[PDB]
Each structure stands twice: as structure tokens, then as C-alpha cells.
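Next up, data24.txt (compact mmCIF, C-alpha atoms):
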```txt
# COMPACT_ATOMS: atom_id res chain seq x y z
CA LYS R 4 0.00 0.00 0.00
CA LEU R 5 2.35 2.75 1.26
CA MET R 6 6.09 3.26 1.12
CA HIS R 7 8.93 5.37 2.45
CA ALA R 8 10.63 7.60 -0.11
CA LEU R 9 12.46 10.84 -0.74
CA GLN R 10 11.05 13.65 -2.86
CA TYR R 11 11.90 17.12 -3.97
CA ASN R 12 8.98 19.32 -5.02
CA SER R 13 11.01 22.28 -6.23
CA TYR R 14 14.24 23.35 -7.97
CA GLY R 15 17.29 24.38 -6.00
CA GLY R 16 16.63 22.75 -2.65
CA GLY R 17 19.91 20.85 -2.38
CA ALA R 18 19.85 18.16 0.31
CA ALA R 19 17.70 20.48 2.40
CA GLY R 20 15.08 20.30 -0.33
CA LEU R 21 14.69 16.53 -0.03
CA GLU R 22 11.68 15.40 1.95
CA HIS R 23 10.95 12.08 3.56
CA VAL R 24 7.45 11.03 2.57
CA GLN R 25 5.15 8.02 2.54
CA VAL R 26 3.93 7.28 -0.96
CA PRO R 27 1.89 4.52 -2.60
CA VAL R 28 3.91 1.49 -3.71
CA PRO R 29 4.04 1.65 -7.49
CA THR R 30 2.22 -0.92 -9.65
CA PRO R 31 4.00 -2.70 -12.51
CA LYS R 32 2.62 -2.26 -16.01
CA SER R 33 2.50 -4.99 -18.71
CA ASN R 34 6.28 -5.01 -19.19
CA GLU R 35 7.47 -3.78 -15.82
CA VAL R 36 8.65 -5.55 -12.71
CA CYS R 37 8.27 -4.29 -9.14
CA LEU R 38 11.30 -4.47 -6.85
CA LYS R 39 11.78 -4.45 -3.13
CA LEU R 40 14.96 -2.34 -3.17
CA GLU R 41 18.11 -3.63 -1.48
CA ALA R 42 20.53 -0.98 -2.75
CA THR R 43 20.32 2.27 -4.70
CA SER R 44 23.20 4.17 -6.28
CA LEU R 45 23.45 7.93 -6.80
CA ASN R 46 24.73 9.67 -9.95
CA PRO R 47 25.69 13.34 -10.33
CA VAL R 48 22.84 13.73 -12.83
CA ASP R 49 20.39 13.13 -10.00
CA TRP R 50 21.26 16.31 -8.03
CA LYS R 51 21.90 18.33 -11.16
CA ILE R 52 18.29 17.70 -12.24
CA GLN R 53 17.17 19.12 -8.93
CA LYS R 54 19.49 22.17 -9.27
CA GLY R 55 17.65 22.80 -12.52
CA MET R 56 20.59 22.23 -14.76
CA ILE R 57 18.72 19.76 -16.95
CA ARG R 58 15.80 22.06 -17.71
CA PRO R 59 13.78 22.04 -19.86
CA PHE R 60 14.17 18.25 -20.28
CA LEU R 61 14.16 17.12 -16.61
CA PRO R 62 12.49 16.69 -14.26
CA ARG R 63 9.28 15.98 -16.07
CA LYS R 64 6.87 16.77 -13.20
CA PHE R 65 7.20 17.54 -9.49
CA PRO R 66 7.45 15.96 -7.03
CA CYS R 67 10.38 13.77 -8.07
CA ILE R 68 11.79 10.71 -6.38
CA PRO R 69 15.51 10.68 -7.34
CA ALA R 70 17.99 8.01 -8.56
CA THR R 71 17.90 5.40 -11.32
CA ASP R 72 20.56 2.78 -10.40
CA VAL R 73 18.95 0.07 -8.39
CA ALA R 74 19.28 -3.50 -7.13
CA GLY R 75 16.77 -5.63 -5.26
CA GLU R 76 14.32 -8.53 -5.19
CA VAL R 77 11.40 -8.93 -7.56
CA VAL R 78 8.16 -8.58 -5.63
CA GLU R 79 5.70 -8.67 -8.53
CA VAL R 80 5.74 -8.80 -12.32
CA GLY R 81 3.42 -7.45 -15.00
CA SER R 82 1.33 -9.63 -17.32
CA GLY R 83 3.87 -9.49 -20.16
CA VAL R 84 6.95 -10.31 -18.08
CA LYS R 85 8.51 -13.56 -19.24
CA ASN R 86 11.99 -13.68 -17.78
CA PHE R 87 11.52 -12.79 -14.12
CA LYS R 88 9.53 -14.26 -11.25
CA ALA R 89 8.90 -13.08 -7.69
CA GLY R 90 11.86 -13.79 -5.47
CA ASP R 91 14.43 -13.22 -8.23
CA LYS R 92 17.34 -10.97 -7.24
CA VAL R 93 18.09 -8.32 -9.83
CA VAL R 94 19.93 -5.21 -10.80
CA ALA R 95 18.02 -2.70 -12.94
CA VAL R 96 17.89 0.78 -14.47
CA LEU R 97 14.84 2.87 -13.65
CA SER R 98 13.50 5.30 -16.19
CA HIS R 99 15.37 8.54 -16.17
CA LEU R 100 11.92 10.16 -16.64
CA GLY R 101 10.24 8.86 -13.51
CA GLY R 102 13.18 8.24 -11.19
CA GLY R 103 12.17 6.16 -8.17
CA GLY R 104 15.47 5.02 -6.69
CA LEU R 105 15.26 6.59 -3.24
CA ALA R 106 12.40 4.45 -2.01
CA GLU R 107 11.55 0.99 -0.67
CA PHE R 108 10.01 -0.07 -3.96
CA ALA R 109 10.49 0.77 -7.61
CA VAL R 110 9.22 -0.44 -10.98
CA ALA R 111 11.66 -1.24 -13.77
CA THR R 112 11.01 -2.24 -17.37
CA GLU R 113 11.92 -5.85 -18.10
CA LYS R 114 14.17 -4.65 -20.92
CA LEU R 115 16.38 -2.90 -18.32
CA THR R 116 16.36 -5.55 -15.61
CA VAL R 117 19.10 -8.14 -15.19
CA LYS R 118 19.29 -11.17 -12.90
CA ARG R 119 21.87 -10.62 -10.15
CA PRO R 120 24.06 -13.69 -9.45
CA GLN R 121 24.67 -14.93 -5.90
CA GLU R 122 28.32 -13.87 -6.15
CA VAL R 123 27.54 -10.18 -6.64
CA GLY R 124 26.20 -8.10 -3.76
CA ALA R 125 23.32 -5.68 -4.12
CA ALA R 126 25.44 -2.59 -3.43
CA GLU R 127 28.15 -3.80 -5.78
CA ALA R 128 25.54 -4.31 -8.50
CA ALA R 129 23.53 -1.14 -7.99
CA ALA R 130 26.66 0.94 -8.55
CA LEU R 131 27.08 -0.51 -12.05
CA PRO R 132 24.27 0.80 -14.35
CA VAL R 133 24.88 4.47 -15.23
CA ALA R 134 28.57 4.75 -14.21
CA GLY R 135 29.61 1.35 -15.54
CA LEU R 136 27.63 1.39 -18.80
CA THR R 137 28.85 4.92 -19.52
CA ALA R 138 32.44 3.84 -19.00
CA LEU R 139 31.67 0.80 -21.18
CA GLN R 140 29.99 2.78 -23.96
CA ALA R 141 32.75 5.35 -24.13
CA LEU R 142 35.48 2.72 -24.46
CA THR R 143 33.47 0.46 -26.78
CA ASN R 144 31.95 2.89 -29.23
CA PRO R 145 33.90 6.14 -29.74
CA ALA R 146 37.27 4.75 -28.50
CA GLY R 147 36.62 1.66 -30.58
CA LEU R 148 38.23 -0.86 -28.24
CA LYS R 149 37.05 -4.43 -27.99
CA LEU R 150 37.24 -5.87 -24.48
CA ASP R 151 38.18 -9.48 -25.51
CA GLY R 152 41.59 -9.52 -27.24
CA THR R 153 40.65 -8.37 -30.71
CA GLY R 154 40.42 -4.64 -30.03
CA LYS R 155 42.82 -1.92 -31.09
CA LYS R 156 45.58 -1.52 -28.55
CA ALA R 157 45.77 2.13 -27.51
CA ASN R 158 46.65 5.02 -25.20
CA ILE R 159 43.83 6.07 -22.91
CA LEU R 160 43.60 9.09 -20.64
CA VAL R 161 41.00 8.98 -17.87
CA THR R 162 40.22 12.27 -16.15
CA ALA R 163 38.84 12.26 -12.63
CA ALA R 164 39.49 8.54 -12.40
CA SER R 165 38.72 8.32 -8.68
CA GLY R 166 35.01 8.91 -9.26
CA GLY R 167 31.97 6.93 -10.43
CA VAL R 168 32.47 6.62 -14.17
CA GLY R 169 36.20 7.24 -13.71
CA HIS R 170 37.05 4.16 -11.65
CA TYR R 171 35.10 1.84 -13.92
CA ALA R 172 36.72 3.42 -16.96
CA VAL R 173 40.27 2.64 -15.77
CA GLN R 174 39.49 -1.00 -15.01
CA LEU R 175 37.67 -1.56 -18.29
CA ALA R 176 40.40 0.15 -20.33
CA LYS R 177 42.93 -2.25 -18.86
CA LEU R 178 40.86 -5.23 -19.97
CA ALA R 179 41.10 -3.89 -23.51
CA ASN R 180 44.90 -3.97 -23.21
CA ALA R 181 45.26 -0.22 -23.28
CA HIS R 182 47.91 1.95 -21.64
CA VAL R 183 46.04 4.04 -19.08
CA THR R 184 47.08 7.49 -17.88
CA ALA R 185 44.84 8.85 -15.11
CA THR R 186 44.20 12.09 -13.21
CA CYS R 187 42.79 12.46 -9.69
CA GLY R 188 43.31 14.29 -6.41
CA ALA R 189 46.57 13.79 -4.52
CA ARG R 190 44.73 11.70 -1.89
CA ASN R 191 43.46 9.18 -4.43
CA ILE R 192 46.69 8.66 -6.34
CA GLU R 193 47.43 5.30 -4.68
CA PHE R 194 43.82 4.20 -5.12
CA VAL R 195 43.82 4.89 -8.85
CA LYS R 196 47.10 2.99 -9.23
CA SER R 197 45.32 0.00 -7.68
CA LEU R 198 42.58 0.08 -10.35
CA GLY R 199 45.31 -0.70 -12.88
CA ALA R 200 46.28 2.71 -14.13
CA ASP R 201 49.77 2.72 -15.63
CA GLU R 202 50.39 6.44 -14.96
CA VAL R 203 48.61 8.64 -12.39
CA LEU R 204 48.81 12.45 -12.17
CA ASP R 205 47.82 14.85 -9.40
CA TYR R 206 45.61 17.28 -11.29
CA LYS R 207 46.77 20.21 -9.19
CA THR R 208 50.41 19.67 -10.42
CA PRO R 209 52.05 20.84 -13.60
CA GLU R 210 52.15 17.62 -15.62
CA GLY R 211 48.58 16.80 -14.67
CA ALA R 212 47.13 20.26 -15.19
CA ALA R 213 48.54 20.06 -18.70
CA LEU R 214 47.72 16.35 -18.88
CA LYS R 215 51.30 15.52 -20.05
CA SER R 216 52.25 11.83 -19.58
CA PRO R 217 55.72 11.05 -18.04
CA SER R 218 56.25 8.48 -20.79
CA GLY R 219 55.37 11.21 -23.23
CA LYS R 220 52.31 9.26 -24.33
CA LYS R 221 49.88 10.87 -26.76
CA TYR R 222 46.32 9.68 -26.12
CA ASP R 223 44.12 8.01 -28.74
CA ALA R 224 41.12 8.64 -26.58
CA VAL R 225 40.12 10.44 -23.42
CA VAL R 226 37.32 9.30 -21.14
CA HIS R 227 36.80 12.79 -19.81
CA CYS R 228 34.97 12.68 -16.46
CA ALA R 229 36.26 15.94 -14.97
CA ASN R 230 34.75 19.31 -15.86
CA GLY R 231 36.96 22.36 -15.93
CA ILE R 232 39.04 21.55 -18.99
CA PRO R 233 38.91 23.32 -22.38
CA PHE R 234 39.88 21.52 -25.57
CA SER R 235 43.07 23.62 -25.68
CA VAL R 236 44.52 21.57 -22.81
CA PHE R 237 43.70 18.20 -24.40
CA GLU R 238 44.82 19.04 -27.94
CA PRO R 239 48.63 18.86 -27.69
CA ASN R 240 48.35 15.60 -25.73
CA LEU R 241 46.16 13.92 -28.32
CA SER R 242 47.39 11.58 -31.00
CA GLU R 243 46.88 12.65 -34.62
CA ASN R 244 43.29 11.48 -34.59
CA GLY R 245 42.62 11.43 -30.86
CA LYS R 246 39.10 11.79 -29.53
CA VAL R 247 38.20 13.41 -26.22
CA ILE R 248 35.00 11.82 -24.99
CA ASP R 249 33.06 14.18 -22.70
CA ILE R 250 30.80 11.93 -20.63
CA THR R 251 29.18 14.94 -18.99
CA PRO R 252 28.80 17.36 -21.95
CA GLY R 253 27.60 20.92 -21.55
CA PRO R 254 26.87 23.69 -24.06
CA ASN R 255 30.60 24.24 -24.36
CA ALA R 256 31.19 20.64 -25.31
CA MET R 257 28.21 20.61 -27.64
CA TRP R 258 29.54 23.71 -29.42
CA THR R 259 33.11 22.46 -29.63
CA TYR R 260 31.72 19.22 -31.12
CA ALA R 261 29.91 21.23 -33.79
CA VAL R 262 32.89 23.35 -34.68
CA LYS R 263 35.40 20.49 -34.79
CA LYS R 264 32.90 18.61 -36.99
CA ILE R 265 32.22 21.45 -39.41
CA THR R 266 35.93 22.28 -39.73
CA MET R 267 36.77 18.59 -40.14
CA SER R 268 39.34 18.71 -37.30
CA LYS R 269 41.29 15.45 -37.24
CA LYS R 270 41.28 15.70 -33.45
CA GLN R 271 37.66 15.39 -32.30
CA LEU R 272 35.43 16.08 -29.29
CA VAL R 273 32.71 13.52 -28.78
CA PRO R 274 29.73 14.24 -26.49
CA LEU R 275 28.49 11.00 -24.99
CA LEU R 276 24.92 10.19 -24.13
CA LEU R 277 24.44 6.79 -22.52
CA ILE R 278 22.09 4.29 -24.10
CA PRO R 279 21.59 1.63 -21.42
CA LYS R 280 21.10 -1.75 -23.05
CA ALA R 281 20.42 -4.90 -20.97
CA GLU R 282 23.07 -6.92 -22.82
CA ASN R 283 25.71 -4.45 -21.53
CA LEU R 284 24.41 -4.49 -17.97
CA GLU R 285 24.49 -8.28 -18.04
CA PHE R 286 28.04 -8.05 -19.35
CA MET R 287 29.23 -5.68 -16.61
CA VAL R 288 27.59 -7.83 -13.97
CA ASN R 289 29.53 -10.81 -15.26
CA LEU R 290 32.79 -8.86 -15.11
CA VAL R 291 32.10 -8.11 -11.47
CA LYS R 292 31.16 -11.73 -10.78
CA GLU R 293 34.35 -13.00 -12.42
CA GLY R 294 36.41 -10.47 -10.46
CA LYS R 295 37.67 -8.78 -13.64
CA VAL R 296 36.04 -5.53 -12.43
CA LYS R 297 35.54 -4.40 -8.84
CA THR R 298 32.96 -1.86 -7.68
CA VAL R 299 34.37 0.50 -5.08
CA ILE R 300 31.78 1.88 -2.70
CA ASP R 301 32.45 5.34 -1.30
CA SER R 302 29.85 5.04 1.43
CA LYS R 303 26.65 3.34 2.52
CA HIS R 304 23.71 5.31 3.91
CA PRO R 305 20.31 4.18 5.19
CA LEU R 306 17.25 5.53 3.35
CA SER R 307 16.29 7.28 6.62
CA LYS R 308 19.45 9.35 6.31
CA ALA R 309 19.56 9.57 2.50
CA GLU R 310 20.04 13.37 2.46
CA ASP R 311 23.57 12.68 3.76
CA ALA R 312 24.27 10.60 0.66
CA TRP R 313 22.70 13.32 -1.48
CA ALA R 314 24.94 16.02 0.04
CA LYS R 315 28.00 13.76 -0.36
CA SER R 316 27.10 13.43 -4.06
CA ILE R 317 26.61 17.17 -4.40
CA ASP R 318 30.11 17.79 -2.88
CA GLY R 319 31.34 15.23 -5.35
CA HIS R 320 34.45 14.20 -3.50
CA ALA R 321 33.14 10.68 -3.53
CA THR R 322 35.58 7.92 -4.31
CA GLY R 323 33.74 5.38 -6.43
CA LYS R 324 29.98 5.13 -5.87
CA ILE R 325 27.63 6.36 -3.15
CA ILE R 326 25.04 3.76 -2.04
CA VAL R 327 21.70 4.08 -0.27
CA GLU R 328 20.34 0.93 1.39
CA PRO R 329 17.16 0.41 3.39
```

Starting from the file, give its structure as C-alpha cells.
Amino acid sequence: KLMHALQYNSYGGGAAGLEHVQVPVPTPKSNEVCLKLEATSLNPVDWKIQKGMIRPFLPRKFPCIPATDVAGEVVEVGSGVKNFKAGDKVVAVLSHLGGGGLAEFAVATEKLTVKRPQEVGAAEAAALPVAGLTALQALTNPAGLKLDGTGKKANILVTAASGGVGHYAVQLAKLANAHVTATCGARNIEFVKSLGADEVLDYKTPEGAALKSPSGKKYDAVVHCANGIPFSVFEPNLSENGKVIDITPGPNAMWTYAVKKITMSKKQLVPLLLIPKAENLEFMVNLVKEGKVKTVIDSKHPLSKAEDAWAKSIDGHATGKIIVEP
């Protein structure tokens, strides 16, 4: 019947603007499944939407229940659901239109729900969807690396590699047999080395502010997860046809993309929008199961204290992924 959740009913609230509320448990449609949530993961998008930065596209209507990355147990399925039964443990991606993550229950489409193996925890799994698939898409599509053994070997730069997409990106890039150069805060330099990065740079230094690799590497692709960097700084560090992949693209990135396209610049800036596909989520889940990829969890917060997790996300000093559990 009813359900604990967190809502914002207005732009600009910050964590203060979140409200604990009791709300009717959603009902699954033909193709949806209903989950008792075991873990929910935050993404920077989630608090940006609330700040109003994604207007006029999101949020669709107030009030909003935030977060899309989710793991839990199937409680109930819709008439059309073929592949999941009640009791099944899953990981899923909620619609970016309706949100729903910060709650006891959520409905997910079957096409974005994946069975979660016994080996993989709920928090470990819930951290995967947006961050992991983004990292995966960037390295698979624009960077053009296979992740078996048949991919192009290459030089990869990962900016802000201590964060959500960042720390997945480094691990994945290593599985594609790439040389990985990474940037992060001084504190996280040892951590990023442990993800498999070949070179790690303190971004406040001179070689890291300029993104110059000690081997003198030029990068074939950049999984760009940081924010304050103009194409100027990337350019001299790029290979002849290097692509900087902005996984959090603003108007600046969008414009640069247009200009570099229309002037046929050999060096390119690629805005990335994630297209979550269940095959990829299944894939990432397997990588975690097989130990080829580890999820690092910055912190775990109870839904009753979810604003803390929200504020931690807003500060964005998180290392890996922030998790909210019941």
C-alpha cells in the first residue's frame, strides 16, 4: 500500500530540499517488474536535475523521487513479463523520466532488468548501471576498443578517475589492453594505481594540469569525467586522430563538437549520451562476478538518512559510488 521515499517538489533545494514522505507502492505495467529495493546508487545527474541544470528536459513533473541505479528482489511482475519471477534478485535501471530510486520499492522495465548472481552483492551491482555502462559505452563505441583480445591496442587518458564513471573506466580500459594514464586528487593517487592505471597524475600539479604523460604518451582517446578543462589543454596531448569523450557534456562541449565537426578537425570532441542496453548491464555484472572488475563503494547510507548521501554526491568528493540501502 504505502512506502517510504524521498522527494523534492522544487528546484534548487539541495539536500535540504529533499523530503521524507510516505507514498503509494508503485504498480508494474504490462512489461514492468516491481522491486523491493536492497541498494540504490546515486549519480551526479540526480542532483543536477534538482538544481535545474537539466531544464527544460528534466524533471518531467514535481514531485520527483531521485535516482535510477537500483538493485533488489522482484516482488511482482506485470502480465507481459517472461523472464523474471517473484523472489528473483536483480539489478536494474529505472526510467530517467520517472526516477524512483530513493524508495523501498520501484518499478523497472523488463528490458532494463538483469538477474543478479549470488556472487555479486546488491550494493556492488547497484553501482554498475549508469557509471559502468557509460564507461563501457565510451570505451566500446567512440574509442573503438574491444574488451576481448581483438580490439585496437591504444593510449587512454581517464580524467577524474577516482570517481563513479572514472574508476570503472580505468578498469575496463585495462581489460582492452590499453595503456592508461589517469588524473585524480593527490589523496586518491594510490587508489587509482590500484585500479590498474599505468600512470597517475595529481591534477593540481604541472604535468597533470597540462595532462602531459611522463612516458610522453599521446592519447588516442580520453574518457573525460572531470569538468573544468577546455579543448586547448587536451589538444597537444592527443594523438593525430585522438578523440576526447566528454561523458558529462555541456553547451561548451556541444559547441566544440559542432565546430570540430564542421571544420573537419582530425582531433575530435565527442559528447556522450548513454544508451543503457540490458546486454551491456548483463556483461558488466559478469565482469564483477568474475572479479575482472571491482565496484568500489564510497559510502553506505540508510534511506532514513539519505540526504547525507545526497549532500556527499553534491560535494562530489566521492571515491567510487555512493550507495543508499534500506

With all atoms listed in the file counted and 12 Å as the cut-off, give the residues of stretch 14-95 of chain R in contact with stretch 288-300 of chain R, each with its shortest interatomic distance in Å and the pair that gives it, as CSV.
```
residue,atom,partner,partner_atom,distance
R:42,CA,R:300,CA,11.6
R:43,CA,R:300,CA,11.6
R:44,CA,R:300,CA,9.6
R:45,CA,R:300,CA,11.1
R:74,CA,R:288,CA,11.6
R:93,CA,R:288,CA,10.4
R:94,CA,R:288,CA,8.7
R:95,CA,R:288,CA,10.9
```

Skipping near chain neighbours, those fewer than 4 positions away, what residues fall within 9 Å of residue R:154 using all atoms listed in the file, listed as a ChimeraX atom specification? /R:147-150,179-180

As a PDB file with C-alpha atoms, keeping the file's coordinate frame, please: the residues near stretch 191-197 of chain R (cut-off 12 Å, all atoms listed in the file, same-chain neighbours under 2 positions excluded).
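Result written to selection.pdb:
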```pdb
ATOM      1  CA  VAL R 161      41.000   8.980 -17.870  1.00  0.00           C
ATOM      2  CA  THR R 162      40.220  12.270 -16.150  1.00  0.00           C
ATOM      3  CA  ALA R 163      38.840  12.260 -12.630  1.00  0.00           C
ATOM      4  CA  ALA R 164      39.490   8.540 -12.400  1.00  0.00           C
ATOM      5  CA  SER R 165      38.720   8.320  -8.680  1.00  0.00           C
ATOM      6  CA  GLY R 166      35.010   8.910  -9.260  1.00  0.00           C
ATOM      7  CA  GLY R 169      36.200   7.240 -13.710  1.00  0.00           C
ATOM      8  CA  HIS R 170      37.050   4.160 -11.650  1.00  0.00           C
ATOM      9  CA  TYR R 171      35.100   1.840 -13.920  1.00  0.00           C
ATOM     10  CA  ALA R 172      36.720   3.420 -16.960  1.00  0.00           C
ATOM     11  CA  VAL R 173      40.270   2.640 -15.770  1.00  0.00           C
ATOM     12  CA  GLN R 174      39.490  -1.000 -15.010  1.00  0.00           C
ATOM     13  CA  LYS R 177      42.930  -2.250 -18.860  1.00  0.00           C
ATOM     14  CA  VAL R 183      46.040   4.040 -19.080  1.00  0.00           C
ATOM     15  CA  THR R 184      47.080   7.490 -17.880  1.00  0.00           C
ATOM     16  CA  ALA R 185      44.840   8.850 -15.110  1.00  0.00           C
ATOM     17  CA  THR R 186      44.200  12.090 -13.210  1.00  0.00           C
ATOM     18  CA  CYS R 187      42.790  12.460  -9.690  1.00  0.00           C
ATOM     19  CA  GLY R 188      43.310  14.290  -6.410  1.00  0.00           C
ATOM     20  CA  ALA R 189      46.570  13.790  -4.520  1.00  0.00           C
ATOM     21  CA  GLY R 199      45.310  -0.700 -12.880  1.00  0.00           C
ATOM     22  CA  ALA R 200      46.280   2.710 -14.130  1.00  0.00           C
ATOM     23  CA  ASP R 201      49.770   2.720 -15.630  1.00  0.00           C
ATOM     24  CA  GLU R 202      50.390   6.440 -14.960  1.00  0.00           C
ATOM     25  CA  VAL R 203      48.610   8.640 -12.390  1.00  0.00           C
ATOM     26  CA  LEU R 204      48.810  12.450 -12.170  1.00  0.00           C
ATOM     27  CA  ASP R 205      47.820  14.850  -9.400  1.00  0.00           C
ATOM     28  CA  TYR R 206      45.610  17.280 -11.290  1.00  0.00           C
ATOM     29  CA  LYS R 207      46.770  20.210  -9.190  1.00  0.00           C
ATOM     30  CA  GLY R 211      48.580  16.800 -14.670  1.00  0.00           C
ATOM     31  CA  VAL R 296      36.040  -5.530 -12.430  1.00  0.00           C
ATOM     32  CA  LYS R 297      35.540  -4.400  -8.840  1.00  0.00           C
ATOM     33  CA  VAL R 299      34.370   0.500  -5.080  1.00  0.00           C
ATOM     34  CA  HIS R 320      34.450  14.200  -3.500  1.00  0.00           C
ATOM     35  CA  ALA R 321      33.140  10.680  -3.530  1.00  0.00           C
ATOM     36  CA  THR R 322      35.580   7.920  -4.310  1.00  0.00           C
ATOM     37  CA  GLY R 323      33.740   5.380  -6.430  1.00  0.00           C
TER      38      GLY R 323
END
```

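Going from atom CA of residue R:77 to atom CA of residue R:30 covers 12.4 Å.
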
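Distance annotation: of R:90, R:47, R:29, R:15, the residue with the minimal separation from residue R:312 is R:47; atom set is all atoms listed in the file.
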
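Take atom CA of residue R:246 and atom CA of residue R:146: the distance between them is 7.3 Å.
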
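Our summary of the geometry notes that atom CA of residue R:269 is positioned 14.7 Å from atom CA of residue R:225.
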
Counting only C-alpha atoms, closest pick from R:303, R:4, R:308, R:64 relative to residue R:324 is R:303

Place a sphere of radius 12 Å on (35.5, 21.4, -33.3) in the file coordinates and name every protein, DNA or RNA residue with an atom inside or on its surface, counting only C-alpha atoms; give the answer as a PyMOL selection string. chain R and resi 233-235+238+246-247+255-274

Could you write out as JSON the box around stretch 54-71 of chain R (axis-aligned, all atoms listed in the file, 4 Å on each side), with centre and edge lengths in Å to one decimal?
```
{"center_x": 13.7, "center_y": 14.1, "center_z": -13.3, "size_x": 21.7, "size_y": 25.4, "size_z": 21.9}
```

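Across R:20, R:124, R:104, R:135, the tightest approach to residue R:285 is made by R:135 when counting only C-alpha atoms.
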
Would you mind telling me which residue in R:56, R:115, R:136, R:37 lies nearest to residue R:78 when using only C-alpha atoms? R:37

If we count only C-alpha atoms and set the cut-off at 6 Å, which residues sit around residue R:11, ignoring sequence neighbours fewer than 5 positions away in its own chain? Please answer as a PyMOL selection string. chain R and resi 20-21+66-67

Store the residues picked out above, limited to C-alpha atoms, as a PDB file, in the frame of the given file.
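Output contents, as saved in out_7.pdb:
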```pdb
ATOM      1  CA  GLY R  20      15.080  20.300  -0.330  1.00  0.00           C
ATOM      2  CA  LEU R  21      14.690  16.530  -0.030  1.00  0.00           C
ATOM      3  CA  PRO R  66       7.450  15.960  -7.030  1.00  0.00           C
ATOM      4  CA  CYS R  67      10.380  13.770  -8.070  1.00  0.00           C
TER       5      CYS R  67
END
```

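Remark: for residue R:152, the closest of the candidate residues R:176, R:60, R:133, R:222 is R:176 (distances computed over all atoms listed in the file).
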
For residue R:89, find every residue with an atom within 12 Å (counting all atoms listed in the file), except residues of its own chain fewer than 6 positions away, and show them as an MDAnalysis selection string. chainID R and resid 36:39 75:81 118
